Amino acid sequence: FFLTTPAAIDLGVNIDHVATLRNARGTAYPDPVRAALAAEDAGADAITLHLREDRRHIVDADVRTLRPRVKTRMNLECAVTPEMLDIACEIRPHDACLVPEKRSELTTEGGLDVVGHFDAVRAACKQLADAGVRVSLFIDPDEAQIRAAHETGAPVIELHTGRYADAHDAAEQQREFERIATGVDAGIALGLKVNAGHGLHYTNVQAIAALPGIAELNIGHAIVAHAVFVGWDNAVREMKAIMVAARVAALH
């Protein structure tokens, strides 16, 4: 027996692709800012948005307008460059996730190469922390990178669920799932909080939300994709409900 309760597993909603849609036409709509606040009303525990150097989807006005309006938590994804880090320390989001943008900054799987850029990342982690931001590193589920993330001082890691999501068949999906599971264990063993989310959708998130060690799933595209047919409030509420049901039933 158990009580269902929303605190069991947090959902971060990524609003980037609402921006993709708005930028397509050039008007202010559909508004990413309204998207974020409506997601909070629908049960999102944080709002996630990636301010790219090249400002391809989310733009600066989106971040600056939304920051003071946020009811829950802002999770600002950004690159490890001095100028973006300055923006992050000025805006003071509750959380930040350091993500690679330039190819020299990522691995072949797609996570931050914390190993190869160790000093720069440890410094970023320090200044963000000095400005009161809880820092996460978006990394591959590779034990060396996880260990390296822990050495940087970052309290959080976000594991890259892309290969899990894009698995070609069930045998390959299970293998990638095991990489994630053992990534979570190694991260927890070092006292890191561990998140996930990349590529997760309405039929592959359950197996991930059933992992007791995961704190928060940060989900973007799939929610927007489901919203077009179903409506934003419902797409959010539904993904949250599925996550919570998987989490709780797997615990007891």
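When you see a residue number, it is the position in the sequence shown, counting from 1.
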Mean temperature factor over C-alpha atoms, higher-scoring stretch between 90-98 and 156-164
90-98
Tell me which of 101-109 and 134-142 has the higher mean C-alpha B-factor in the deposited entry.
101-109
Select one of 219, 209, 66, 47: the residue whose C-alpha shows the highest B-factor in the crystal structure entry.
66
For residue 25, does the deposited CA B-factor place it in the lowest, middle or highest third of the chain?
highest
Using the B-factor values recorded in the entry, state whether the Cα atom of residue 201 falls in the lowest, middle or highest third among the modelled residues of its chain.
lowest
Of the three thirds of the chain ranked by Cα temperature factor, residue 19 occupies the middle
Using the B-factors in the PDB entry, rank residue 248's C-alpha atom against the chain and give the third, lowest, middle or highest.
middle
For residue 11, the third of its chain by CA B-factor is the middle
